[PDB]
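Inspection log for the structure reproduced underneath, given as structure tokens.
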Amino acid sequence: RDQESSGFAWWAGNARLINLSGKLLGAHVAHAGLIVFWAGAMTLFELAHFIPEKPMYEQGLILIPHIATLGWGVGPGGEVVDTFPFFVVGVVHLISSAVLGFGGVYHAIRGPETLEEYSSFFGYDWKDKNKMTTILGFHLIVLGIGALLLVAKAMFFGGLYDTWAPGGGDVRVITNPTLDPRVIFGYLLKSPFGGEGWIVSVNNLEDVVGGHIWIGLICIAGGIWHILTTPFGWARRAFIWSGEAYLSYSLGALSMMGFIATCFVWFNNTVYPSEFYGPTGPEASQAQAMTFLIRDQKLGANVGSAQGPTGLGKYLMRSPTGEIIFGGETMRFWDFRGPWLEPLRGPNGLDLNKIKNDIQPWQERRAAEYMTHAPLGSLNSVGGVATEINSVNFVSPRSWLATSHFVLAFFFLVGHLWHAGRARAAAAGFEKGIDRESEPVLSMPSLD
Amino acid sequence: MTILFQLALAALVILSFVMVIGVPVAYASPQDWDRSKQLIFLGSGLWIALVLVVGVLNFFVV
Amino acid sequence: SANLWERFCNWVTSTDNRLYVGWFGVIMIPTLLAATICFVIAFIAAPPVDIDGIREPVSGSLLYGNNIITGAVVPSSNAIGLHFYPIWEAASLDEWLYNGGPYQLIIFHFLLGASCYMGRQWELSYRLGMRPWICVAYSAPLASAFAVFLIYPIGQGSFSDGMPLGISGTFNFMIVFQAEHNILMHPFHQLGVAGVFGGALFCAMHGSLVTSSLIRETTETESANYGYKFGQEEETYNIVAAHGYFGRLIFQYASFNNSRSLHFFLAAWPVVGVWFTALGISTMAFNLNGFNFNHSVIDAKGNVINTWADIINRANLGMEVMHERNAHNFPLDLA
Amino acid sequence: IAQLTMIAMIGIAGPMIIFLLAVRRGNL
Amino acid sequence: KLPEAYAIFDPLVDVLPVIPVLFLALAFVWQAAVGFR
Amino acid sequence: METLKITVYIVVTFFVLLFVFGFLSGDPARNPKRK
Amino acid sequence: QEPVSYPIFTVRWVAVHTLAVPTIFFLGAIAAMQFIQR
Amino acid sequence: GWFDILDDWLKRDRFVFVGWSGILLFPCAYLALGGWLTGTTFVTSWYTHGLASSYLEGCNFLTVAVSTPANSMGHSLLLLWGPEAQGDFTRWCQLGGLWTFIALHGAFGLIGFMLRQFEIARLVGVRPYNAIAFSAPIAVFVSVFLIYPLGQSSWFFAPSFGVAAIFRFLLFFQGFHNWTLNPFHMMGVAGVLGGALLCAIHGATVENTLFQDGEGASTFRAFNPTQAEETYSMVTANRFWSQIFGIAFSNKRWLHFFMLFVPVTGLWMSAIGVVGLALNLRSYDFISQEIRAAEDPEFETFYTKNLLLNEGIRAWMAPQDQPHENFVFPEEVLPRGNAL
Amino acid sequence: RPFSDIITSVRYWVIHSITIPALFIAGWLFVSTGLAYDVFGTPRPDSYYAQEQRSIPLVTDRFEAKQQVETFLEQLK
Ligand code: CLA
Ligand code: CLA
Ligand code: CLA
Ligand code: CLA
Ligand code: CLA
Ligand code: CLA
Ligand SMILES: CC(C)=CCC/C(C)=C/CC/C(C)=C/CC/C(C)=C/CC/C(C)=C/CC/C(C)=C/CC/C(C)=C/CC/C(C)=C/CC/C(C)=C/CC1=CC(=O)C(C)=C(C)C1=O
Ligand SMILES: CC1=C(/C=C/C(C)=C/C=C/C(C)=C/C=C/C=C(C)/C=C/C=C(C)/C=C/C2=C(C)CCCC2(C)C)C(C)(C)CCC1
Ligand SMILES: CC1=C(/C=C/C(C)=C/C=C/C(C)=C/C=C/C=C(C)/C=C/C=C(C)/C=C/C2=C(C)CCCC2(C)C)C(C)(C)CCC1
Ligand SMILES: CC1=C(/C=C/C(C)=C/C=C/C(C)=C/C=C/C=C(C)/C=C/C=C(C)/C=C/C2=C(C)CCCC2(C)C)C(C)(C)CCC1
Ligand SMILES: CC1=C(/C=C/C(C)=C/C=C/C(C)=C/C=C/C=C(C)/C=C/C=C(C)/C=C/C2=C(C)CCCC2(C)C)C(C)(C)CCC1
Ligand SMILES: [Cl-]
Ligand SMILES: [Fe+3]
Ligand SMILES: [Mn+2]
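Protein chains in written order, with full-length UniProt numbering: chain A, 14 to 461; chain B, 1 to 62; chain C, 10 to 344; chain D, 19 to 46; chain E, 10 to 46; chain F, 1 to 35; chain G, 8 to 45; chain H, 13 to 352; chain I, 8 to 84.
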């Protein structure tokens, strides 16, 4: 129950909740309150230190940019014109957290500890397959509704911050998302290796809002489907139905989603903008290169046919195909597409004539500001590698998010290993050890 | 209005504090919990009231 | 009779085979066989490899005048990047080898197979009616192998910054790694060495304490190891003697007396350690670097006084200046 | 005027709940 | 930073984010108080 | 070199199919206990 | 355990007291170093 | 008479044992620890190298050390009463008297513990394998902290007790001897990683072949300290391992002896390696490679990269790492990658 | 013998709350009056250099090592 009459030590205490539904419900609805509490508390904490004329990536804001991407509290070019959406999002999350925690403390100490004798619709069993598929169906429907909320924000409520808009980003309303399955599933057939890229390779908000419509309705149909269907034989012979197996699958899911998330936040710049988070990995290298070229060109040097101290270009090089790309060690990045670098790209890589005469102010200053702010830093937040001295302090927000979600994903992978093993072993029944009297190996032919 | 706004907000922080220590021992202890059902109900009713009256008063101050 | 599927499916899961080969095995074996062939051929008879994409090949093959210590399989080219580069995406096999082709070919199959091996351990333990989670302990060297061969390339943005498959090449990797990130002042690498040093240490003292408590079934002309006759129902030493030895050594509370706790701990220490350093490499791929202390002591004249961290920074600067042939001008780099 | 008064209070807020349930003996 | 009326509660806001870790500590306080079942 | 692409894809595909069909084929009762 | 014919101060006494007075003296000195301006 | 009294008062059972070894172990160990703790706290290294390495000077815990003596002392022990401080404590602290103090007193504390292990084993009535196993760290200690500076021209090149000062030793050894390319160090690294490999796997196998004897999921409570019946299925472990890897232990006595054998031998082989460097005999080159890189300038191997890097480590660390030579190199003779 | 027996006896408090603050204050006053700088001879952070000797002090003989360092401290470096 709550001593060593349950079959778990204190350090495995939460496992006493496998057969008590109410106590388990209280535990989860109380923990939801913490996740929400930190959302609100952290953006209020960030905002108390926020200087709203200083770019967001050089002051450490990592929850205000998510709101900025939705094009609230921002003008054109990614400046702050008012700070009210930040305060209201944070404070309303912090307030709703109490309502969640209240339900927590009630169901944990006052509520019936079994909901199968109380209710027969909040009454559930991990071995009753029908109840799990029905709850799964509910949960798919509230996720379906959740997916259409972004589409509403995109089409009706002032749209999203488009960073591909003319003359730097601007908030733009989607007035025509793609509803074309060809383009949509085409992303899932691409190779994950560099050059091409998987779903991470999104480059416009039409596909984003379009895909949100697509995934929303497949899960509304699938959610309706699992209320009106009972699992099939091959499906039942492919699984272990236990209260822990579901947890194992879900840990497997969360570890995959973390690997995908850390890949996103490091490379993309459509859904994680360059005006609310810093430049990306290649973006700074390409910027350094671009501003160097621009500087040395004003002296009247020939940079278009210039050969190195190892030959093969000095400012520009040939890629394998034969496009004009950047030289030196900026020859491993030419898969980089930036909003600010693309008006200069000719029909086969950069066109040196466009460089001489079609430089707009915001482009060359974007390139120059991104040069001195490249993803590096240390674990005590001071910029650069170990040779340079502490006098500038930079850590890209990209690196914080990337490192955190990476290590949490690796640990969620090993947790999936653990819980799958426990669920499998407990099913067959040798998870308490090996029975003394009879053992398998004592009834198996000896290898020679 | 602003003194009244601060006064109401200060009572809210205090009454949240009094609530967050109060209701766990209200449900938990076994030698009175059923007499505290009215205290926690009126207390939580006043809490959501106090929250929302401070909330609407924000736009009348700033 | 029964049809070919049922016969195949119990031939695969045969746990009377001399060597197990699971459903994870049927996909493990080709990938590792291929990995083995490409390593043995490429270490011996590969052409030299242009790895810096400016026409300086590196020889890593024994036949072009290397011994065992200097040989390696030389990483893929800086020009190729993070691209998928099989034999049929090259114009000729000649230039696929020129761009460090076999390097990608060994490592993809090897990493895939090393995970399938992790699967096979669980399957055999499931077939023998024994407990799982030897496979959880295998996730530590495996995650370090991934970090070194796949994550650190993605992060730096090319497979040229992988670790070559060889001894002196591994040394080259360490030295450039230290220069560009200073891994010794990263706290996680410090827990990794603690876990290995402590793991080695607990192995030695565990060995000595158990072998010193063995029972007398022998004589002084035949080795002590013929006291165990295989699969005894009698544990072959007396725990309270060893416990009583250790208990006078440090103290009564510093000596375990439950073999089940001792062995859990014996398994837990280095595995946690190796996780921590594997993650340490993985975060440095995004370029979260070790602690750097420049001039922690300055006086009233406002003139610096060196620390040992400064002597290390001088060395780091030395190595790093040598690992840059790409120009004299490099202001804020990597990458 | 002090605002350190609530940072004082908010760290003892936790164990005071348990302390009283251990005074009022029941359900720790 | 924060609207000028709430500015008084600038210390209160600075002590918000570390409240989550305390729950995990409290669970150990709780367990030691009942003498570890 | 074009034949090479196709026969490598066919080989790989053959092995991944044996794998999935193998795990659909009655694996949770292959244990020595409670089969 | 430490002897039962009880010398007035036993062996445990010096063991705890060679490690009691230096660390109290040291964390009082190390703390004072923090308030040196430098 | 009085001897057997001194005997049975020492060899008596207590919360912590003392013995004849106690007489050597406890003073020496306690002084060496205590010395390091006051050295890291108050004592400078500004009259020796031009470093600060104490909390009183403003250094953190990652950058302090009790630093070595000066180069001009040679191999002098620097005794308090001796004719290099002449009965004076302040100068004795400045000149590095604490390093040798700590090193000698710790050297005798190691012999004390070694003897203590023998004595407790002879008393309890077990075999003394733990004391034979403990000779590997003493081999390493006297090969790295004593024999290596005695082969060189001073104590100055020995490692200083501190974490960063050991890091500087790692870089120094790599830079000047190319220490990883010497086979004795290869064998030591292997021996030590193999010790670490055996640790994780042995624990994992015993803990995952345990018998059912409990009631709860945790099996830590199903153990009684007696040895009457076996606590894990050895047969099952063998059958498992002979099938997934190919070879297995079928002899506990041998398994535990293998566990003793691998890291102690590793450390012994590495001790032979560092006494080989004390004469400056160092594996640094293969002559065939030099003659080939001489006749063909477009030959490259990773080994040649390592020697260029060794040049970088030496030429750039030498100035502040050997101040007693008063080295001055122009900025135009430092090695550079981009000058190649 | 367990700490429980040690953590309670009044004689334990009547010695300890009296000895320990004296030691705490002895340790504090030892650095704060600058005495640690003289007994270990460690420089203050305005005495590492002088205005006639702008290089590092270095000992170069081992029997006049004593006299060499006393010379550096006598000239107010
Ligand atoms: C995310 C969902 C999730 C859920 C719901 C569960 C649920 C459960 N797990 Mg599982 N687990 C997970 C993920 C999850 N796990 C992951 C990701 C791993 C890999 C580490 C594991 C590994 C694991 C093991 C090995 C075991 C369980 C066990 C259990 C059961 C008892 C746990 C208990 O009482 O711990 C109470 C928890 C503690 C006493 C831990 C306290 C930790 C402290 C002191 C410090 C935390 C520091 C933090 C990580 C670092 C950042 C700190 C910050 C302040 C900066 C329970 C049913 C047990 C079981 O029965 O398994 C079948 C068992 O043996 N879990
Ligand atoms: C977010 C983390 C989390 C959550 C939600 C839970 C929830 C729960 N645990 Mg777990 N547990 C956790 C972390 C957590 N635990 C960790 C980290 C450990 C390691 C130490 C444990 C170890 C553990 C053990 C050993 C046991 C539990 C048990 C339980 C149940 C106890 C019910 C009870 O009688 O409490 C009584 C407790 C109290 C009266 C004191 C705590 C007071 C609470 C409820 C409120 C505190 C917060 C706050 C001030 C409330 C604000 C309210 C406001 C919104 C109005 C409950 C469902 C038990 C179980 O499974 O039994 C079936 C059991 O024996 N847990
Ligand atoms: C999300 C998790 C969750 C779940 C599964 C439950 C489940 C339950 N709660 Mg709890 N509760 C929660 C969160 C949750 N609660 C929160 C956050 C709080 C704080 C507000 C509470 C506080 C609470 C209390 C104090 C009580 C319950 C009660 C009940 C039980 C109702 C039995 C019945 O016949 O209801 C029949 C009622 C309905 C089917 C309809 C409910 C309509 C309401 C109240 C909410 C609607 C919200 C929203 C608008 C729905 C939108 C749906 C959308 C898709 C269109 C049930 C077992 C009571 C009980 O007996 O528990 C054992 C009881 O005393 N709940
Ligand atoms: C009858 C139908 C029904 C419905 C509609 C829900 C609805 C919900 N359940 Mg659920 N549940 C049911 C039956 C149902 N339950 C049954 C039978 C059981 C078994 C006892 C459970 C057990 C259960 C558990 C244990 C949990 C849930 C959770 C959830 C919530 C998911 C939130 C989410 O995805 O966050 C992402 C957010 C979105 C997708 C946005 C939602 C937008 C909409 C549709 C609702 C918003 C308004 C609404 C009033 C909620 C506000 C939440 C607030 C904090 C902001 C959601 C409110 C979890 C949760 O969060 O509880 C706290 C949780 O832990 N459910
Ligand atoms: C995401 C949450 C979720 C979860 C947890 C489940 C869970 C389940 N669903 Mg389900 N489903 C969902 C969402 C979800 N569904 C949605 C949103 C849809 C609508 C599109 C469906 C449509 C659906 C159908 C049509 C059916 C189920 C069924 C089932 C059961 C499957 C049994 C099985 O072994 O399948 C194992 C399946 C496979 C091994 C085949 C996978 C084939 C694909 C998708 C991938 C092959 C691997 C490939 C290499 C991956 C390449 C990816 C690429 C982009 C790189 C199981 C209980 C079945 C059932 O019994 O329902 C009662 C059934 O017939 N589901
Ligand atoms: C048992 C523990 C022990 C041991 C083995 C040592 C050993 C040592 N100490 Mg140490 N010391 C100790 C305890 C110990 N000390 C204690 C408790 C203190 C505090 C009082 C000190 C304080 C101390 C200081 C401050 C220093 C040393 C130093 C030294 C070293 C220098 C040589 C020396 O003095 O030898 C010790 C023994 C002797 C010199 C002589 C023993 C003589 C005996 C056995 C018989 C004599 C017979 C007879 C009278 C001869 C007559 C001759 C005549 C007819 C001509 C040496 C390794 C120095 C050092 O480490 O420098 C680097 C140093 O600085 N000692
Ligand atoms: C073309 C090609 C391929 C070229 C070759 C390239 C190449 C680099 C070749 C390598 C050659 C090379 C350079 C070698 C250098 C180093 C070398 C010569 C080292 C040996 C010298 C040495 C260090 C000696 C002293 C230390 C020593 C003995 C170290 C050995 C370390 C080592 C690897 C140990 C083995 C670890 C290991 C994997 C053990 C598994 C044991 C096992 C089966 C356990 C399972 C098990 C556990 C239980 O708990 C129970 C109960 C049972 C029953 C059971 O079974
Ligand atoms: C069960 C359990 C547990 C747990 C618990 C939990 C998890 C809980 C949570 C809960 C929650 C989650 C809570 C929360 C609360 C909160 C609140 C109550 C809030 C309030 C607020 C307010 C009222 C606001 C105010 C304001 C405003 C409005 C504006 C400005 C600012 C300020 C802040 C001032 C433990 C482990 C410990 C123990 C055992 C059992
Ligand atoms: C376009 C786009 C989009 C969208 C997209 C989509 C549409 C998605 C989808 C998704 C999906 C579509 C997913 C999937 C996944 C899958 C998985 C993950 C798998 C499953 C399966 C499994 C897991 C299996 C298992 C098994 C096996 C294999 C063998 C036999 C047995 C078993 C059962 C064990 C977005 C939003 C981004 C936006 C922009 C663009
Ligand atoms: C009302 C209100 C609020 C809130 C409040 C709260 C929520 C509070 C908190 C509460 C809590 C939640 C608390 C907690 C506490 C805890 C702590 C502080 C910790 C403890 C622990 C410790 C300190 C440790 C201990 C120990 C030791 C020492 C040894 C070993 C064992 C043990 C671990 C037990 C806010 C702010 C929103 C504002 C508005 C109003
Ligand atoms: C030199 C010399 C000598 C000697 C001296 C001595 C012997 C001293 C001692 C001293 C000492 C003997 C000291 C000690 C100190 C201590 C310390 C320094 C401590 C620290 C601690 C800490 C830092 C803590 C931490 C922790 C832990 C442990 C746990 C957890 C928590 C924590 C983290 C808080 C003589 C006189 C003979 C002669 C002359 C010279
Ligand atoms: Cl290099
Ligand atoms: Fe063992
Ligand atoms: Mn690099």
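Quick reminder that beta carbons are idealized off the backbone N, C-alpha and C, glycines included.
**OP:** Would you check if there are 3 or more beta carbon pairs closer than 8 Å linking the region 28-47 of chain B to the region 124-139 of chain A?
**Re:** No, the region 28-47 of chain B does not touch the region 124-139 of chain A.
Original post:
Mind pulling the chain H residues with CB within less than 9 Å of A/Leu460?
Top reply: Those within 9 Å of A/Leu460 in chain H are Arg251, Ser254, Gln255.
Original post:
What are the residues that DSSP puts in a beta bridge with C/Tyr246?
Top reply: Answer by DSSP bridge pairing, in chain order: C/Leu223.
Original post:
Can a CB atom of chain A be found closer than 8 Å to the CB of F/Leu17?
Top reply: Cβ-Cβ to chain A under 8 Å: no for F/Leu17.
Subject >> Anticipated Cβ contact below 8 Å, H/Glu312 with C/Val67, distance rounded >> reply: With a beta-carbon spacing of about 5 Å, H/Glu312 and C/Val67 fall inside the 8 Å limit used to define contacts.
Original post:
In terms of DSSP beta bridges, what is A/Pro295 paired with?
Top reply: Partner(s): none; A/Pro295 has no beta bridge.
**OP:** Would you please verify whether the beta carbon of H/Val286 is less than 8 Å from any beta carbon of chain C?
**Re:** Proximity of H/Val286 to chain C, defined by a Cβ-Cβ separation below 8 Å, is not satisfied.
**OP:** Would you check whether ligand 4 has a heavy atom nearer than 7 Å to the C-beta of A/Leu128?
**Re:** Yes, the beta carbon of A/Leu128 sits closer than 7 Å to at least one heavy atom of ligand 4.
**OP:** Please go through the region 36-106 of chain H and give each complete alpha helix (DSSP H) segment of 4 or more residues, from N-terminal end onward.
**Re:** You should have 101-106.
**OP:** Indicate whether at least one CB of chain C lies closer than 8 Å to the CB of F/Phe23.
**Re:** Look at F/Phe23: its C-beta is under 8 Å from a C-beta on chain C.
Subject >> A/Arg331 - containing alpha helix (DSSP H), residue span >> reply: For A/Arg331, no alpha helix (DSSP H) run applies; the uninterrupted beta strand (DSSP E) run containing it begins and ends at 329-331, by DSSP.
Original post:
Per DSSP, what kind of secondary structure is B/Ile40 in: helix, strand or coil?
Top reply: Note: B/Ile40 maps to helix in three-state DSSP.
**OP:** Entirely within the region 145-223 of chain H and at least 4 residues each: give me those alpha helix (DSSP H) ranges in chain order.
**Re:** Complete alpha helix (DSSP H) runs here, min 4: 147-153, 160-163, 175-189, 195-219.
Original post:
Is it the case that the CB of A/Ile108 approaches a heavy atom of ligand 8 more closely than 7 Å?
Top reply: A/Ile108: yes, Cβ under 7 Å from ligand 8.
Subject >> DSSP-derived helix/strand/coil call for C/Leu28 >> reply: In the three-state reduction of the DSSP assignment, C/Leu28 falls in the coil class, being assigned neither a helical nor a strand state.
**OP:** Could you tell me which uninterrupted beta strand (DSSP E) segments, each at least 3 residues in length, are contained entirely in the region 355-401 of chain A, listed from first to last along the chain?
**Re:** Assignment of beta strand (DSSP E) within the region 355-401 of chain A, counting only whole runs of 3 or more residues, yields no such run.
**OP:** Whole angstroms is fine: what's the gap from A/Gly335's alpha carbon to A/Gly208's?
**Re:** Straight-line Cα distance between these residues: approximately 15 Å.
**OP:** For F/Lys33, go through chain A and note every residue whose CB falls closer than 7 Å to its CB, in chain order.
**Re:** Within chain A, the residues near F/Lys33 are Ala441, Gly442, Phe443.
**OP:** Determine the direct distance from the alpha carbon of H/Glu337 to that of G/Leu34, and round the result to whole angstroms.
**Re:** So the two alpha carbons sit approximately 39 Å from each other.
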